[PDB]
**Q** 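The structure that follows is given in the form of structure tokens.
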Amino acid sequence: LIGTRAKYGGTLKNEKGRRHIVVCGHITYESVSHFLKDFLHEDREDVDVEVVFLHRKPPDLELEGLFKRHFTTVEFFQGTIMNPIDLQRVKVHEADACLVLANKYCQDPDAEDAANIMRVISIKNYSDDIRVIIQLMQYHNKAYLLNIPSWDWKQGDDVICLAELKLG
Amino acid sequence: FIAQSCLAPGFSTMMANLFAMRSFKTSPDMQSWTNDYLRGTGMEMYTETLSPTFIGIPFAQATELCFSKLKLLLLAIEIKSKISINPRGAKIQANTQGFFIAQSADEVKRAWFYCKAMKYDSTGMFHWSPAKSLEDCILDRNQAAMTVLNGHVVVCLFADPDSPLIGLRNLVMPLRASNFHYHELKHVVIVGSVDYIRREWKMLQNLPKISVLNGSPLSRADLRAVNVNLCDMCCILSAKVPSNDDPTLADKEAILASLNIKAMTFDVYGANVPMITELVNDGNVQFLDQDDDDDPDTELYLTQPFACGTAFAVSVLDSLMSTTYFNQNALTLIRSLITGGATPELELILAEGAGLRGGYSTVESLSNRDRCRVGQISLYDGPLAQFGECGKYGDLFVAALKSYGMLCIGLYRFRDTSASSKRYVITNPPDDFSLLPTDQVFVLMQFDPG
Amino acid sequence: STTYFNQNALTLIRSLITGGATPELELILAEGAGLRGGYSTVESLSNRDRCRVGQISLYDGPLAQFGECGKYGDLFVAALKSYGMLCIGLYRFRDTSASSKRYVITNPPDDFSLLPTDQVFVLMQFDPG
Ligand SMILES: [Ca+2]
Ligand SMILES: [Ca+2]
Ligand SMILES: [Mg+2]
């Protein structure tokens with residue numbers, strides 16, 4: 001009943017002249033490790049951008065070890081993007097961009113797309129001038145995002161449609 | 001409540017707050033519009049026996065005297081027994097029970113301690129039609145595009161063919177009350193799956209001016225066909241069962257439909273389209289508006305979308321059962337106010353199972369058409385526009401009562417006076433309240449034959 | 001990850017693989033009425049002039065001379081001047097001695113040796129007529 005104190009919680013510490021991005025959605029060991037290998041590659045330009053991960057379920061032992069090896073550049077927080085309190089904790093309004101990972105191996109692509117679309121609505125509700133990049137499963141769900149009043153491709157909002165790209 | 005909001009936007013917020021018991025005390029410093037709205041939320045409805053001094057005077061003089069002297073709003077009385085809302089030329093009898101809007105039950109005690117020192121149905125309360133079939137009411141995009149639809153009501157329906165039935169008749173009948181002339185009746189167009197509406201057509205056969213458009217309200221092509229930019233009110237309702245996977249995903253379709261219309265552009269923006277949305281989860285009201293601060297444990301009635309008459313939920317109706325126990329007549333007044341008049345005899349006929357039954361108009365049947373109705377007026381122009389320039393609620397209330405018998409209940413005032421077209425509800429402002437030229441007044445207007 | 005660092009990178013991919021999908025086209029599709037036709041105008045026929053993904057063979061033709069000797073740099077320059085085609089890579093047989101399987105070589109060096117049975121990925125211009 002006493003249990004253990006919440007290992008992942010609290011607010012992200014603010015730093016002067018610091019750039020960070022928020023990554024949400026399908027946060028697993030395989031998805032995070034693959035994303036971090038591509039994001040932090042010494043073949044590309046050196047930029048001081050740290051990744052902040054937000055997820056509901058606590059990470060397993062494998063994921064916790066991965067975060068330890070990237071202690072100086074990767075931060076994890078427990079919470080949901082649909083909670084305005086959790087958006088304040090990760091400082092979404094100060095983030096360079098928000099990335100919404102998708103579960104490509106999902107039983108219902110429509111259900112997965114609906115959940116991710118609501119995440120974009122929650123982020124845009126908190127603030128309108130935040131760049132959002134979201135992985136989409138089906139093309140017919142792209143119309144919903146385009147009809148959002150705060151969605152603007154000019155400002156950097158992008159939709160990565162797996163169905164459109166794969167069949168292309 | 002949704003149907004009454006079509007005639008007067010924001011009425012659902014005003015009525016819902018009336019029967020939720022809240023205690024209001026002035027805060028030290030906060031937003032001026034929040035303070036004005038919070039004062040209105042503290043008003044409830046109370047029943048008190050009228051003083052013997054009121055015996056022998058008409059209702060219009062009785063409610064005017066209560067407002068000016070006792071600072072109480074009297075809107076209905078009990079006549080031996082039926083309840084009349086803002087009656088015209090009705091005298092006050094001995095021990096007459098009156099309905100008052102006041103901050104608490106201690107205020108209404110001032111009233112007692114006062115001294116000088118085939119066109120219509122069988123009941124004749126609703127319009128009737130000779131059972132039009134559903135097939136004749138089905139329109140496609142081309143049919144809806146080439147017909148004029150101005151000032152109509154669009155019902156955006158999200159429902160699977162196997163979804164549980166909602167009371168779609170309970171939304172159209174208040175719009176088909178005998179208080180409205182046939183020419184001023186608002187056309188109702190339902191956008192949704194015909195398979196679901198087919199099960200609901202049994203109670204909609206005899207209601208005039210009903211159109212059904214197959215498709216989904218999310219598509220912009222269907223919305224442009226029915227001219228949502230010219231509609232008087234767009235209602236978004238969902239009859240689908242909740243998957244219970246996540247509370248934040250329960251209102252995904254309703255939120256998306258609301259946002260789609262807001263970003264719509266017509267050759268006039270879609271953000272000016274009056275919209276009402278019902279939420280199966282009151283915590284999803286944070287996504288309805290963008291220019292506000294959302295906090296999870298804030299009550300629904302304190303949120304900006306609810307204060308503006310944009311959102312609605314069934315959680316605000318939980319206080320009705322406590323109200324009903326203390327005063328049975330309180331529930332009768334609510335039902336007569338929002339259903340357009342639903343006498344117990346009408347419910348007996350409906351309980352038979354033959355649907356709405358018409359009747360031949362008689363001498364008294366046309367007299368049932370003479371009753372007050374919920375309406376909204378604007379102070380921008382007209383004989384009452386003089387009070388908007390200077391600004392005094394007490395002067396406007398008295399002048400409207402004498403000139404036409406209209407009873408002012410509250411105000412629909414712009415949130416910002418400097419630039420968003422959002423208006424919030426102020427219920428029963430004090431007589432010293434300052435009006436504005438861009439203010440709208442909730443009124444109970446009498447029936448004018450002709 | 002690529003899209004975040006450069007938004008224009010995703011734009012290049014979409015224009016390369018979708019045949020050209022302007023944001024205005026997506027707006028029309030989002031309405032729900034499907035693909036909408038239009039009457040050809042002066043500029044509308046000028047939108048047809050853009051590069052497309054194609055494959056060519058060195059077995060025969062004016063460019064077949066480079067296949068016999070073999071030099072990627074010489075083939076790249078000659079194709080660019082003669083027709084404006086830009087060579088991206090090669091489609092070369094896995095075994096040169098017997099299976100009809102070809103693998104992809106992306107941007108080989110200019111000193112790479114070609115073969116008569118080599119196929120070249122090119123971006124060929126639009127030729128009216
Ligand atoms: Ca109170
Ligand atoms: Ca909000
Ligand atoms: Mg109250």
Side-chain angles (χ1 to χ4, degrees), chain A residues 24-26 54-57 79-89 92-93 100 103 106-130 132 134 136-138 140-155 157 159, chain B residues 156 158 160 215-224 228 238 240 242-265 269-273 275 277 279 281 283-298 303-305 311 420:
Chain A
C24 57
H26 192 241
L54 188 68
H55 200 232
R56 254 185 319 251
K57 320 162 197 149
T80 167
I81 214 83
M82 312 294 304
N83 200 341
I85 305 304
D86 300 347
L87 296 158
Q88 164 71 39
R89 287 174 45 215
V92 154
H93 51 283
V100 188
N103 187 15
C106 65
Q107 215 72 57
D108 195 7
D110 251 24
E112 179 72 26
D113 268 349
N116 286 331
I117 283 172
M118 282 299 306
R119 296 196 219 265
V120 178
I121 290 176
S122 169
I123 293 152
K124 288 304 196 170
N125 170 58
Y126 186 73
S127 60
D128 60 354
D129 58 322
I130 167 74
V132 172
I134 169 188
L136 224 43
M137 284 295 268
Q138 284 160 325
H140 64 260
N141 295 115
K142 194 180 171 169
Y144 304 145
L145 281 175
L146 292 172
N147 296 340
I148 285 178
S150 30
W151 192 263
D152 199 356
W153 175 77
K154 259 56 162 298
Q155 307 302 318
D157 295 354
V159 163
Chain B
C156 294
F158 294 96
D160 288 320
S216 155
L218 276 167
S219 63
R220 294 199 157 176
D222 288 292
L223 284 196
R224 281 183 204 282
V228 281
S238 160
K240 294 176 176 170
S243 285
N244 213 24
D245 45 2
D246 206 42
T248 40
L249 260 57
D251 296 283
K252 171 249 179 168
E253 267 157 328
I255 287 160
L256 268 186
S258 181
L259 290 184
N260 171 42
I261 305 183
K262 267 201 212 67
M264 214 141 169
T265 291
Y269 327 117
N272 291 336
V273 172
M275 258 181 315
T277 317
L279 311 144
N281 182 73
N284 292 333
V285 83
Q286 53 187 346
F287 311 123
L288 282 192
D289 274 11
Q290 288 87 240
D291 52 346
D292 52 3
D293 282 87
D294 317 303
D295 196 81
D297 57 314
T298 316
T303 59
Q304 162 160 320
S420 74

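Computation of the quantities below employed the complete heavy-atom set of this structure, encompassing side-chain atoms and omitting hydrogens, waters and symmetry-equivalent molecules. Sequence lines set the chain letters: A, B, ... in the order given, protein chains first and strands last, and positions in each chain run from 1.
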**Q** Quick one: CG on B:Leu259 to CD1 on A:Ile121, what's the gap to the nearest 0.5 Å?
**A** 5.5 Å
**Q** Measure A:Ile117 against the heavy atoms of chain B and call it side chain, backbone, both or neither at under 4.5 Å.
**A**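 For A:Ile117, side-chain heavy atoms alone lie under 4.5 Å from chain B.
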**Q** Check A:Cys106 against A:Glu112 and note the closest heavy-atom contact, atom names and distance.
**A** SG-CB, 3.7 Å
**Q** Should A:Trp151 and A:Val132 count as side-chain neighbours, where that means a heavy-atom distance under 4.5 Å?
**A** yes
**Q** Let me confirm one number: the CG-CZ distance from B:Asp251 to B:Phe158, rounded to the nearest 0.5 Å.
**A**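 Interatomic distance, B:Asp251 CG to B:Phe158 CZ, rounded to 0.5 Å: 10.5 Å.
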**Q** Please state whether the side chain, the backbone, both or neither of B:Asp289 comes within less than 4.5 Å of a heavy atom of chain A.
**A**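 When you check distances to chain A, only backbone atoms of B:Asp289 fall under 4.5 Å.
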**Q** Would a 4.5 Å heavy-atom cut-off, applied to side chains only, mark B:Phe287 and A:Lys124 as touching?
**A** no
**Q** Is it the side chain or the backbone of B:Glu253 that comes within 4.5 Å of chain A heavy atoms, both, or neither?
**A**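 Nothing of B:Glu253, per the 4.5 Å heavy-atom cut-off to chain A.
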**Q** Among the options B:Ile255, B:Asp295, B:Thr248, pick out the one with the most heavy-atom pairs lying under 4.5 Å from chain A.
**A**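 Greatest number of close heavy-atom pairs with chain A: B:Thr248.
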**Q** Report, by ascending residue number, the residues of residues 80-87 of chain A in heavy-atom contact with chain B at a distance under 4.5 Å; give 'none' if the set is empty.
**A** A:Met82, A:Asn83, A:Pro84, A:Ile85
**Q** Side chain, backbone, both or neither: which part of A:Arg56 has an atom under 4.5 Å from a heavy atom of chain B?
**A** side chain
**Q** Is B:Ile261 close to B:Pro217 at the side-chain level, that is, under 4.5 Å between some pair of heavy atoms?
**A** no
**Q** Mind checking the CD1-CE spacing from A:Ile123 to A:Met118? Nearest 0.5 Å is all I need.
**A**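 Spacing of CD1 (A:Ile123) from CE (A:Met118) equals 11.0 Å.
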**Q** Can you tell if the side chain of B:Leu288 reaches within under 4.5 Å of the side chain of B:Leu279, non-hydrogen atoms only?
**A** yes
